[PDB]
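To start, the structure itself, in structure tokens.
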Amino acid sequence: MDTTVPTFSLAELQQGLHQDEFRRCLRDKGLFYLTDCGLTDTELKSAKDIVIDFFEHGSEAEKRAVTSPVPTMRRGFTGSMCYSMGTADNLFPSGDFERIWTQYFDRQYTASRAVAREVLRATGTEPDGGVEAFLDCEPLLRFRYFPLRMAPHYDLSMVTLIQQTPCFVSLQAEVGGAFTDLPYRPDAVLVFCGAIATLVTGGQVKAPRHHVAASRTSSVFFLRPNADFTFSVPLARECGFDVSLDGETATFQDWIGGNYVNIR
Amino acid sequence: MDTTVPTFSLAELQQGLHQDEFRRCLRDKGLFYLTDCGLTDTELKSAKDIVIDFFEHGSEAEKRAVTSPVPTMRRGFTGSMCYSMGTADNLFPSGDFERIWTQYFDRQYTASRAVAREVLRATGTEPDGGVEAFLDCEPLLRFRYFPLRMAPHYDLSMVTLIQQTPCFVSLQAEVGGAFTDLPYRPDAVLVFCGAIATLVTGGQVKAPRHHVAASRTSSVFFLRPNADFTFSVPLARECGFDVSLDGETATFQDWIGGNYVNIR
Amino acid sequence: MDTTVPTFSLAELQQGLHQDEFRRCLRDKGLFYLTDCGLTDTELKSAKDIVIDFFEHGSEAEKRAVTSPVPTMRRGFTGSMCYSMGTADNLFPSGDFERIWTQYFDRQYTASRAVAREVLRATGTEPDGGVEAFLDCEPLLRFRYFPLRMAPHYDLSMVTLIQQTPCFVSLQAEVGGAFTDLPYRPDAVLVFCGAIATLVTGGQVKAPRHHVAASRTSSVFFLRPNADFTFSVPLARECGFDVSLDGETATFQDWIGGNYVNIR
Ligand SMILES: O=C(O)CCC(=O)C(=O)O
Ligand SMILES: O=C(O)CCC(=O)C(=O)O
Ligand SMILES: O=C(O)CCC(=O)C(=O)O
Ligand SMILES: [Fe+2]
Ligand SMILES: [Fe+2]
Ligand SMILES: [Fe+2]
């Protein structure tokens, strides 16, 4: 096996091309760069700049108004600074910021659902309840500015898309038993498959561990299922999930609990 | 905004005074000193002395008899030594200790419920099931002797009351984006608002992060809701809670799980 | 009390001998060596050698085929290397490996159930649903090669059996308020009582904290209850469990969640 992190064109995957290669990548590596997905440096610029500006020039009063009463980093500002958002209940410092970041979020959300749809297609997977219900989920977008820097872990998402700005290559993932560099690619977004991909496809997809080594920024978009996403308990045990679930079927909520857990 | 940790007289809050100031403090800071609440250095002395004595002169056999089979630090002795207790199922080394600490616990419990009642009043909050059912809960008292010393975090309680004995100021909380000193006050108790206050009031109360920096002792009283405390799922998502709960309403148990989690 | 880690012969415990001593050990220490249980250095050799061989000579392709898509360390290979297995859904590199490790697992499983049966007998405990249903559970076997090395914690199992290969004594447990050495014993297996023993017997059994200090190998076998193991909520609170469970009875799943948690 070649320990290279492959790259796939989204348009090409949708054309039905490179299926075997794609399947093999999902199974043995669980990560790849994605091109032609509506996400490039061009998008990352407007959002990065305006939020970076906010981090450096926003008054203490402005940041307060966009900070949640509970420091969960789910929405708004968080003091490595962070800015998070989802499909709703967002906190935006200004109209300009809102317009830019709402557009940026939608683009990120569309590419994530699209690539995930391909992950389901390539593995011939039909989630309980159907593909669409599964993909119209609970994504979370976290933009972080970093002026190890993050312990090893795998993501519990379906897929996680990451856009970075270069410094030194900080992001690293395990490939072929070794931590491999995952540098910026102004033309592509980095896709990490998470535990839910592994679970929903019956173990056809690997969820690789990764970490941040020790300025940079990272835009991390988690495509997370709904609390009611349902799956087979026996099948989960067949691919490595050490579940303590009574019964034949269970929901994401039964497994993870009442609060989203993004990494592990 | 003034980054000063304000002080409120409980008797005064009950008189209906300083309401706007109080509301503003809860919202922007989530912490304050509380005076006139039946808790002073005078109470802290008897309990501190007798437990300190126990920590320094209790035989290994005496400490065993007051140590739980599972080291959960929920009740009894724990080897920074600790002594914990609740409304029942307590472990007391002697009759004198019991009389002193039972009285100390009741005083702490009464002040916590009282201040919490005011927090609910100021925010015009009526918990599902009523105020009284909500306040007659599952508090936990932990006394620790310390011969960072405790990582940053916020409390998942409704409110947490802390009485300390000075050394250097170890306790610190984030106020205005900066960790501020929270020194002893023989005349007052320090009140931290926890995540449940934020949740029950619909985001009207902030749960500030805090930590212990690097001898001292601290008496920490967590006022925690019952497993059945119920709340609106949509409203929880509106103020920052990244919940994975199916449905419109949920209980504390659905959210946190089957074991109390005090900090996060 | 003598802070010595006692040793019990399984055959002797089954004969009904040393009952008071046994009861006292469970209550005040929660740990002991177990002899005459079908587990000696002789068994540990075949399994150790063949797996050690695999760790040092298995190709990257061979290790991949025995590695789970999700890095949960529940089954198969994990890069301190580890090899895990349970009653089913196992990943074996070869027929020889399978035959050796299946036999090794069954031996470990039989001794664990046997000693646990004695723990239940000595404390006059009858688990809800009966002894047999309780013991036919969800064990997990983890073999680790180590070329503090492991933070302090107690196990959430019923009992945990450990077989080691000496180096320096790395394994240590708290006995009498002090961390005591727990060296290899080619003739005996080390038994740690876990939280479930404490819970099911109503607090008659202690779950001691332990840790690994800073090459060696350890074969750790967790005897874990089923998701549906049921217990009394009031009784759990009586012996130290800080539960947030509504109702009179609860299952292991209600308490721990949808994913097995082995230590705490
Ligand atoms: O900052 C990065 O590049 C990675 C972040 C990451 O893995 C996460 O947030 O899970
Ligand atoms: O020791 C202190 O002063 C604070 C303790 C604390 O924050 C806690 O126990 O959550
Ligand atoms: O490696 C050892 O000897 C102990 C391991 C242990 O306590 C565990 O896996 O819980
Ligand atoms: Fe990640
Ligand atoms: Fe705290
Ligand atoms: Fe352990």
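Protein sequences appear in the order of chains X, H and W. Using our numbering, the letters of the first sequence correspond one by one to residues 1 to 264. Using our numbering, the letters of the second sequence correspond one by one to residues 1001 to 1264. Using our numbering, the letters of the third sequence correspond one by one to residues 2001 to 2264. Just so you know, even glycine gets a beta-carbon here, dropped at the ideal spot from N, CA and C.
> What first and last residue would you give for the alpha helix (DSSP H) that runs through W:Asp2041?
Replying inline: Here residue 2041 of chain W is taken as the residue at index 41 of the third sequence, counted from 1. From DSSP, the alpha helix (DSSP H) with W:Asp2041 extends over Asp2041 to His2057.
>> Excluding the 5 residues flanking W:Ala2114 on each side, which residues of the same chain have their C-beta closer than 8 Å to its C-beta?
In response: By one-based count along the third sequence, residue 2114 of chain W stands at place 114. Once the five neighbours on either side are set aside, the close Cβ partners of W:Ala2114 are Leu2010, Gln2014 and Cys2037.
> Which two residues bound the contiguous alpha helix (DSSP H) that contains W:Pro2234?
Replying inline: Against the third sequence, residue 2234 of chain W aligns to sequence position 234. Segment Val2233 to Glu2238, the alpha helix (DSSP H) holding W:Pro2234.
> Which residue from H:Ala1197, H:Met1150, H:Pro1147 and H:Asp1246 puts its Cα closest to that of H:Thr1160?
Replying inline: Within the second sequence, the letter at position 160 stands for residue 1160 of chain H. Minimum Cα distance to H:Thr1160 is reached at H:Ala1197.
> Taking Cβ positions, are W:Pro2139 and W:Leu2223 nearer each other than 8 Å?
Replying inline: Locating residue 2139 of chain W in the third sequence gives position 139, where the first residue counts as 1. Locating residue 2223 of chain W in the third sequence gives position 223, where the first residue counts as 1. Against a cut-off of 8 Å, the Cβ pair of W:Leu2223 and W:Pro2139 comes out as a contact.
>> Is the separation between the beta-carbon of X:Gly258 and that of H:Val1243 shorter than 8 Å?
In response: The sequence position of residue 258 of chain X within the first sequence is 258, counting from 1. The sequence position of residue 1243 of chain H within the second sequence is 243, counting from 1. Contact: yes.
> For X:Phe22, does the count of other Cβ atoms within 10 angstroms reach 16, so buried, or fall short, so exposed?
Replying inline: Translated into the one-based positions of the first sequence, residue 22 of chain X becomes position 22. With 16 or more Cβ atoms within 10 Å of its Cβ, X:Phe22 is classed as buried.
> Would a C-beta distance cut-off of 8 Å place H:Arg1099 and H:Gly1086 closer than the cut-off?
Replying inline: Sequence index remark: in the second sequence, residue 1099 of chain H carries index 99 (1-based). Sequence index remark: in the second sequence, residue 1086 of chain H carries index 86 (1-based). No, the Cβ-Cβ distance between H:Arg1099 and H:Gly1086 is not below 8 Å.
>> Considering only their Cβ atoms, is the gap separating W:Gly2194 from H:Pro1069 smaller than 8 Å?
In response: Walking along the second sequence from the start, residue 1069 of chain H turns up at place 69. Walking along the third sequence from the start, residue 2194 of chain W turns up at place 194. No, they are not a contact pair.
>> Could you tell me which whole beta strand (DSSP E) segments of length 3 or greater appear in the segment 2069-2117 of chain W?
In response: 2076-2078 and 2081-2085
> How about X:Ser68: is its C-beta nearer than 8 Å to some C-beta of chain H?
Replying inline: For the purposes of this step, residue 68 of chain X is identified with residue 68 of the first sequence, where counting begins at 1. Closer than 8 Å to some Cβ of chain H, the Cβ of X:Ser68 qualifies, so yes.
> What residues from chain X crowd round W:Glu2060, counting only those whose CB sits closer than 8 Å?
Replying inline: In the third sequence, the residue the question calls residue 2060 of chain W occupies position 60. Those are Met1, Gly176 and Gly177, listed as they occur along chain X.
> Name the chain X residues that come within less than 9 Å of W:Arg2064, Cβ to Cβ?
Replying inline: As a working note, residue 2064 of chain W is residue 64 in the third sequence. Per Cβ cutoff of 9 Å: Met1, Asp28, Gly176 and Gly177.
> For the segment 2199-2230 of chain W, which residues have a beta carbon sitting closer than 7 Å to at least one beta carbon of chain H?
Replying inline: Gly2203, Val2205, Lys2206, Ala2207 and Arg2209
> Which residue from W:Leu2171, W:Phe2077 and W:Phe2008 puts its Cα closest to that of W:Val2212?
Replying inline: As a working mapping, residue 2212 of chain W is identified with position 212 in the third sequence. For the residues W:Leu2171, W:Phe2077 and W:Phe2008, the minimum Cα distance to W:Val2212 belongs to W:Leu2171.
> Beta carbon of H:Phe1105, beta carbon of H:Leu1135: below 8 Å?
Replying inline: One-based indexing of the second sequence puts residue 1105 of chain H at position 105. One-based indexing of the second sequence puts residue 1135 of chain H at position 135. Contact flag unset, no.
>> Between the alpha carbons of H:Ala1178 and H:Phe1054, how many angstroms are there, rounded?
In response: Reading the second sequence from its first residue, position 178 is the one you call residue 1178 of chain H. Reading the second sequence from its first residue, position 54 is the one you call residue 1054 of chain H. Roughly 38 Å between the two C-alpha positions.
> In terms of residues, what are the limits of the beta strand (DSSP E) holding X:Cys25?
Replying inline: For this step, residue 25 of chain X is matched to residue 25 along the first sequence. Per DSSP, X:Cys25 belongs to no beta strand (DSSP E); it is in the alpha helix (DSSP H), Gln19 to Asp28.
> So which residues on chain H does X:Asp89 lean against when the C-beta distance must stay under 7 Å?
Replying inline: Numbered from its first residue, the first sequence carries residue 89 of chain X at position 89. In chain order: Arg1237 and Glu1238.
>> Once the 5 residues before and after H:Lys1048 are set aside, which same chain residues still bring their CB inside 7 Å of it?
In response: Translated into the one-based positions of the second sequence, residue 1048 of chain H becomes position 48. Excluding positions up to five away in sequence, the list reads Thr1165 and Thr1217.
> From W:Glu2012 to W:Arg2107, what does the alpha carbon distance come to, in whole angstroms?
Replying inline: In the third sequence, the residue the question calls residue 2012 of chain W occupies position 12. In the third sequence, the residue the question calls residue 2107 of chain W occupies position 107. Distance between the alpha carbons of W:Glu2012 and W:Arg2107 is about 18 Å.
> Is W:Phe2231 closer than 8 Å to W:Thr2249 when the C-beta atoms are compared?
Replying inline: Looking up residue 2249 of chain W in the third sequence gives position 249. Looking up residue 2231 of chain W in the third sequence gives position 231. In contact: W:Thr2249 and W:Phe2231 (Cβ atoms closer than 8 Å).
> So what does X:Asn259 bridge to, in DSSP terms?
Replying inline: Translated into the one-based positions of the first sequence, residue 259 of chain X becomes position 259. For X:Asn259, which the question treats as bridged, DSSP gives the partners H:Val1243.
> Can you list, in chain order, the residues of its chain whose CB lies under 7 Å from that of W:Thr2007, leaving out five sequence neighbours each side?
Replying inline: By 1-based counting over the third sequence, the position of residue 2007 of chain W is 7. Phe2032, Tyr2033, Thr2035 and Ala2188, listed in sequence order.
> Where DSSP assigns a beta bridge to W:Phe2221, which residues make up the other side?
Replying inline: Here residue 2221 of chain W refers to the residue found at position 221 when the third sequence is read from its first residue. Note: W:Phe2221 sits in a beta bridge opposite W:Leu2141 and W:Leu2161.
> Nearest to X:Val220 by CA position, among X:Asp20, X:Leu235, X:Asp246 and X:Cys82, is which residue?
Replying inline: As a working mapping, residue 220 of chain X is identified with position 220 in the first sequence. Among X:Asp20, X:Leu235, X:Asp246 and X:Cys82, the Cα nearest to that of X:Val220 belongs to X:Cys82.
>> For a contact defined as C-beta to C-beta under 9 Å, what are the partners of X:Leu148 on chain W?
In response: For the purposes of this step, residue 148 of chain X is taken as the residue at position 148 of the first sequence. By Cβ distance, chain W contributes nothing, its closest Cβ being about 17 Å from X:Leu148, past 9 Å.
> Nearest CA to the CA of X:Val233: which residue from X:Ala227, X:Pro225 and X:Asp246?
Replying inline: Residue 233 of chain X sits at position 233 when you count from the first residue of the first sequence. Nearest of X:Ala227, X:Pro225 and X:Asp246 to X:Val233, Cα basis: X:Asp246.
>> Suppose the cutoff is 7 Å on Cβ atoms and the five residues either side in sequence are ignored; what does the same chain contact list for W:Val2205 look like?
In response: Along the third sequence, read from residue 1 onward, the residue named residue 2205 of chain W stands at position 205. Hits under 7 Å: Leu2026, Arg2027, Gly2030, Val2119, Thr2123, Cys2193, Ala2197 and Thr2198.
>> Is the separation between the beta-carbon of X:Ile256 and that of X:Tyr154 shorter than 8 Å?
In response: Taking the first residue of the first sequence as position 1, residue 256 of chain X is located at position 256. Taking the first residue of the first sequence as position 1, residue 154 of chain X is located at position 154. It is not a contact, given that the beta carbons lie outside the stated cut-off.
> Buried or exposed: H:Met1158, going by 16 or more other Cβ atoms within 10 Å of its Cβ?
Replying inline: Indexing the second sequence from 1 puts residue 1158 of chain H at position 158. Classification of H:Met1158: buried, given that the 10 Å Cβ count is 16 or more.
> Is the beta carbon of X:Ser218 within less than 7 Å of some heavy atom of ligand 1?
Replying inline: The sequence position of residue 218 of chain X within the first sequence is 218, counting from 1. The answer is yes for X:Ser218.
> Three-state secondary structure (DSSP) at H:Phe1252?
Replying inline: What you label residue 1252 of chain H is simply residue 252 of the second sequence in a count that begins at 1. Reduced to three states, the DSSP call for H:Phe1252 is helix.
> For a contact meaning CB atoms closer than 9 Å, what does X:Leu245 contact in chain W?
Replying inline: In the first sequence, counting from the first residue as 1, residue 245 of chain X sits at position 245. By Cβ distance, chain W contributes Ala2227, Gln2253, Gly2258 and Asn2259.
> Per DSSP, H:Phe1008 is paired with what?
Replying inline: To locate residue 1008 of chain H, count along the second sequence from 1; it is residue 8. Looking at the DSSP assignment, H:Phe1008 forms a beta bridge with H:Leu1034.
> Is the CB of X:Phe192 under 8 Å away from at least one CB in chain W?
Replying inline: Position 192 of the first sequence holds residue 192 of chain X. No, X:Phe192 does not count as interfacial toward chain W.
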